[PDB]
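One structure is given below, encoded as structure tokens.
Heads up, the Cβs are rebuilt from the backbone with ideal geometry, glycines too, and the neighbour counts pull from every protein chain shown. Computed from the coordinates by the stated procedures, all read-outs in this text should not be read as laboratory data.
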Amino acid sequence: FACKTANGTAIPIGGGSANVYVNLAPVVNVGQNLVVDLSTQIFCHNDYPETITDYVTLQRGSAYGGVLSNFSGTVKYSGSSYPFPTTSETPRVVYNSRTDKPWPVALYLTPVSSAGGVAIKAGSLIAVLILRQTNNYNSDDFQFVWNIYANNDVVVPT
Ligand SMILES: OC[C@H]1O[C@H](C/C=C\c2ccc(-c3ccccc3)cc2)[C@@H](O)[C@@H](O)[C@@H]1O
Ligand code: NI
């Protein structure tokens, strides 16, 4: 089991960490959502699907910087929604193919009223998403850690 991002770093077999940059709507109001869909960026595959089934969970979702102080959130994982920051590890998604398949994670972030001005800084860390992979074959239990960085400023009026 291994993961990569669209253009492009990878995390090899056995886990590790990578940094991911995301484009954000540059203006969001109180009551509107920022959607950060990571499923178009993080792709995973099973290296031996004929004998092994890989199980993948969102172990933990944590907020940082601007998002942590100026936004409230949920995360959508494989159809289901959860508070973001997360309060527990999710159910699992099966990976049973050598073909790259998206990691189906999306954040929905909404400004709290105390946000005004630049509520997320360009280049700043906004979130960490930990992917936990196990299988039905041996005791492999690995974390793939995605550090999420803002590409651009996000302003909340006025
Ligand atoms: O993505 C599937 C598996 O890929 C790798 C497997 C690591 C060692 C391994 C490799 C091949 C075989 C194997 C089994 C049957 C036939 C041929 C090879 C068994 C273990 C590891 O990432 C496992 O964690 C993961 O479950
Ligand atoms: Ni591979």
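Table: residues versus (1) at positive phi; (2) within 16 Å of ligand 2 (Cβ to nearest atom); (3) outside any loop (DSSP other than H, G, I, E, B); (4) of a type in the set (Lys, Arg).
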| site | (1), (2), (3), (4) |
| --- | --- |
| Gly14 | yes, yes, no, no |
| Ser17 | no, no, yes, no |
| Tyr21 | no, no, yes, no |
| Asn29 | no, no, no, no |
| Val36 | no, no, yes, no |
| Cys44 | no, yes, yes, no |
| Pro49 | no, yes, no, no |
| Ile52 | no, yes, no, no |
Just checking, how many residues over segment 89-108 are under 14 Å from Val128 (Cα atoms) and out of contact with any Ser or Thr (no Cβ under 7 Å at 6 or more places or on another chain)?
1
The number of residues in segment 81-92 that are within 19 Å of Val112 (Cβ to Cβ) and part of a loop (DSSP other than H, G, I, E, B) is 3
Residue under evaluation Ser69, criteria (1) surrounded by 14 or more Cβ atoms within 10 Å (Cβ to Cβ); (2) away from ligand 1 (no atom under 16 Å from the Cβ); (3) over 21 Å from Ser17 (Cβ atoms), criterion not met:
(1)
Quick one: would you say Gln133 is closer than 24 Å to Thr9 by Cβ and touching a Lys or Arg at 6+ places or on another chain (Cβ under 8 Å)?
no
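Evaluate segment 73-80: report whether one residue or more is farther than 27 Å from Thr158 by Cα, in a loop (DSSP other than H, G, I, E, B) and within 16 Å of ligand 2 (Cβ to nearest atom). If you could, list the steps in order and put the result at the bottom.
Filtering segment 73-80 for residues farther than 27 Å from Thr158 by Cα gives 76-80.
Right, trim to in a loop (DSSP other than H, G, I, E, B) and you get 78-79.
Those left that are additionally within 16 Å of ligand 2 (Cβ to nearest atom): none.
Scanning segment 73-80 turns up no residue that is farther than 27 Å from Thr158 by Cα, in a loop (DSSP other than H, G, I, E, B) and within 16 Å of ligand 2 (Cβ to nearest atom).
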With the first residue restricted to segment 140-158 and required to be over 13 Å from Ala2 (Cα atoms) and away from ligand 1 (no atom under 16 Å from the Cβ), and the second required to be part of a strand (DSSP E or B) and hydroxyl-bearing (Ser, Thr, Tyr), Cβ contacts under 7 Å at 6 or more apart or on different chains are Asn147/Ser17; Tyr149/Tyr21; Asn151/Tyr21
Test for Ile120: is it touching a residue at least 40 places away in the same chain (Cβ under 8 Å) and within 17 Å of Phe142 (Cβ to Cβ)
no
Residues that are more than 30 Å from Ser113 (Cα to Cα) and among the β-branched types (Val, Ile, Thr), drawn from segment 1-39
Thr5, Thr9, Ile11, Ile13
Determine whether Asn7 is loosely packed, with under 14 Cβ neighbours inside 10 Å, of a type outside the set (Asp, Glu) and either within 16 Å of ligand 1 (Cβ to nearest atom) or in a loop (DSSP other than H, G, I, E, B) (or both).
yes
Residue list for segment 10-29, filter: among the β-branched types (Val, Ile, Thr), buried (at least 17 other Cβ atoms within 10 Å of the Cβ) and either within 25 Å of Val94 (Cβ to Cβ) or touching a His at 6+ places or on another chain (Cβ under 7 Å) (or both)
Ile11, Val20
Every residue in segment 103-139 that is surrounded by 14 or more Cβ atoms within 10 Å (Cβ to Cβ) and within 16 Å of ligand 2 (Cβ to nearest atom), please.
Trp103, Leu131, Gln133, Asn135
